[PDB]
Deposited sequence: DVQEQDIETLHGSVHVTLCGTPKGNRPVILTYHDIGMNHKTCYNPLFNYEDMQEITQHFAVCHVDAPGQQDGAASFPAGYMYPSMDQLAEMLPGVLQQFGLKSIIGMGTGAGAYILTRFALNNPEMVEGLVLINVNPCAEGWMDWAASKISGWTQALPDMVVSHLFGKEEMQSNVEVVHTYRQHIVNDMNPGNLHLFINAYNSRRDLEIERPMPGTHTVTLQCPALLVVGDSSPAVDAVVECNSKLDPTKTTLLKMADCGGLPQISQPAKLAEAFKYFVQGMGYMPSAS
């Protein structure tokens, strides 16, 4: 495994390359998490080792969200959702990549989608989780946005290992985002839309599917999830990823 900081258009982004003619899997997490909180559980599951063995994986920590990140200056003009997507091309450029298979959650899904829409030749397909195309302690907000031994473990990592000021900026940015202007101008690659039943973001994920092409977009509403697919049922999701990548011309 190797980690690095990539100087991009709008500051640095921490990345974690970890894996083996095949696109690279680029992940972008949600607000309130980093790549360890959001994907390390998923990508260490057994039904994913095969992907990990056949594919290269690149985990992107949004600006200031990596473990033990220094606070940005006061008044920092934090990159908007659009500005966060313009940073992705530089990632590929740093490793001589040509295309990636993106996987995003909450804010990551929005960013990756905006990045596919700007540079569609660099994206083979997107896995979008809980995407939304539109006086509380921070650990309370985070838990209340995406929702047990899990809840406390996430509140516990948010506090000790992450920076409160940086997280505020990132969250304040995602909420001032604009609508993806998409019409069934739309995605030019296959999409995998994943949400759980009785989950906070079902209507939002369904609204995004209504504006996408059904020929190459598939919806998957897991029954016993109601929150984050990689938390509730990562196993069922690890196979969902298998079937999506296969259809494009790649081997799990």
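No C-alpha coordinates anywhere in a stretch? Then put that deposited-sequence range on the list, in order along the chain. According to the record, the gaps fall at 1, 22-24, 139-153, 167-174, 212-218, 287-289.
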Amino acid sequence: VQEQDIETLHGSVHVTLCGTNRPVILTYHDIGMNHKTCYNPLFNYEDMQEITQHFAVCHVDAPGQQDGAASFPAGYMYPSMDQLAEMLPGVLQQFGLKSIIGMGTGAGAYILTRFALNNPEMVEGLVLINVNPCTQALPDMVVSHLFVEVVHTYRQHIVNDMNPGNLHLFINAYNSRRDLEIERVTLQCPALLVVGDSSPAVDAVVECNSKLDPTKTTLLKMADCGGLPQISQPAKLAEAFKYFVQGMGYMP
From here on, numbers count along this sequence of modelled residues.
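Mean C-alpha B-factor higher for 193-201, or for 62-70? Going by the record's values, the stretch with the higher mean is 193-201.
Return whichever of 76-84 and 158-166 has the greater mean Cα B factor according to the PDB record. It is 158-166.
Using the temperature factors in the entry, find which of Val15, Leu9, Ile25, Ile231 has the highest value at its Cα atom. Across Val15, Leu9, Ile25, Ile231, the entry lists the biggest C-alpha B-factor for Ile231.
Per the entry's values, where does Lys98 land by CA temperature factor relative to the rest of its chain, in the lowest, middle or highest third? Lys98: CA B-factor falls in the lowest third of its chain.
Chain-wide C-alpha B factor ranking for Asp140, given as lowest, middle or highest third: Highest third - that is where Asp140 ends up once the chain's C-alpha B-factors are sorted.
Using the temperature factors of the C-alpha atoms in this entry, rank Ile129 within its chain: lowest, middle or highest third. It falls in the middle third of the chain.
Can you tell me whether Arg114 has a C-alpha B-factor in the lowest, middle or highest third compared with the other modelled residues of the same chain? Tercile = lowest for this residue's CA B-factor.
Would you please rank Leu92 by its C-alpha temperature factor against the other modelled residues of its chain and give the third it falls in: lowest, middle or highest? It falls in the bottom third of the chain.
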